[PDB]
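Reading through the structure tokens given below for one structure.
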Amino acid sequence: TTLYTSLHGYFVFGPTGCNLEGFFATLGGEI
């Protein structure tokens with residue numbers, strides 16, 4: 001997964017807790 005809020009199955013992989021700033025903002029929100 002591109003993390004995609006790793007809680008979603010890949011729980012253990014969760015790096016920056018949430019990862020919204022890193023991933024969902026970019027790959028979703030756009031900056």
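Going by the structure tokens order, chains are called A, B, ..., each with residues numbered from 1, while ligands are numbered from 1 in the order shown.
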
Name all residues at most 9 Å from residue 15 (chain A) (count only C-alpha atoms; drop same-chain ones fewer than 4 positions away) and give them as a VMD selection string.
chain A and resid 3 6 19

With C-alpha atoms retained, export the selected residues as a PDB file, in the first residue's frame.
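After the write, out.pdb holds the following:
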```
ATOM      1  CA  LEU A   3       0.358   3.600   3.311  1.00  0.00           C
ATOM      2  CA  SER A   6      -1.955   1.808   7.201  1.00  0.00           C
ATOM      3  CA  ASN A  19       0.725  10.173   7.612  1.00  0.00           C
TER       4      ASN A  19
END
```

Neighbours of residue 4 (chain A) within 10 Å (only C-alpha atoms; same-chain residues fewer than 4 positions away dropped), as an MDAnalysis selection string?
chainID A and resid 8:10 14 18:20 23:24 27:28

Apply DSSP to the backbone of this structure and, from chain A, keep only the residues in helix (DSSP H, G or I); write these as a PyMOL selection string.
chain A and resi 11-13+20-29

Would you save the residues of that selection, restricted to N, CA, C and O atoms, as a short mmCIF file (atom, residue, chain, number, x, y, z; two decimals), in the first residue's frame?
```cif
data_model
loop_
_atom_site.label_atom_id
_atom_site.label_comp_id
_atom_site.auth_asym_id
_atom_site.auth_seq_id
_atom_site.Cartn_x
_atom_site.Cartn_y
_atom_site.Cartn_z
N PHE A 11 -1.52 -2.38 9.61
CA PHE A 11 -1.42 -1.63 10.86
C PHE A 11 0.04 -1.42 11.27
O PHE A 11 0.51 -0.29 11.41
N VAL A 12 0.76 -2.54 11.42
CA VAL A 12 2.14 -2.59 11.87
C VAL A 12 3.04 -1.64 11.06
O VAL A 12 4.03 -1.14 11.58
N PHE A 13 2.72 -1.41 9.78
CA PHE A 13 3.57 -0.62 8.91
C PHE A 13 3.45 0.89 9.19
O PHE A 13 4.31 1.63 8.71
N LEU A 20 -1.06 11.81 7.12
CA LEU A 20 -1.86 12.70 6.28
C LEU A 20 -1.01 13.77 5.61
O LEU A 20 -1.18 14.01 4.42
N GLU A 21 -0.11 14.40 6.36
CA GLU A 21 0.76 15.45 5.84
C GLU A 21 1.66 14.87 4.75
O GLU A 21 1.80 15.47 3.68
N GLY A 22 2.26 13.72 5.01
CA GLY A 22 3.16 13.08 4.08
C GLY A 22 2.43 12.62 2.82
O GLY A 22 2.86 12.92 1.70
N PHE A 23 1.36 11.83 2.99
CA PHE A 23 0.80 11.00 1.94
C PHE A 23 -0.56 11.49 1.46
O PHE A 23 -0.75 11.67 0.27
N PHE A 24 -1.55 11.64 2.34
CA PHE A 24 -2.92 11.83 1.88
C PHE A 24 -3.11 13.26 1.34
O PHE A 24 -3.85 13.48 0.38
N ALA A 25 -2.43 14.23 1.96
CA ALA A 25 -2.40 15.60 1.49
C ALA A 25 -1.85 15.64 0.06
O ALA A 25 -2.45 16.25 -0.81
N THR A 26 -0.71 14.98 -0.19
CA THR A 26 -0.10 14.95 -1.50
C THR A 26 -0.92 14.05 -2.42
O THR A 26 -1.64 14.53 -3.30
N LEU A 27 -0.85 12.73 -2.20
CA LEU A 27 -1.60 11.73 -2.96
C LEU A 27 -3.06 11.74 -2.51
O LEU A 27 -3.55 10.77 -1.92
N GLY A 28 -3.78 12.82 -2.81
CA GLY A 28 -5.20 12.93 -2.55
C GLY A 28 -5.63 14.39 -2.55
O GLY A 28 -6.39 14.82 -3.42
N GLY A 29 -5.14 15.16 -1.57
CA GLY A 29 -5.48 16.57 -1.44
C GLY A 29 -4.96 17.41 -2.62
O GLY A 29 -5.68 18.27 -3.12
#
```
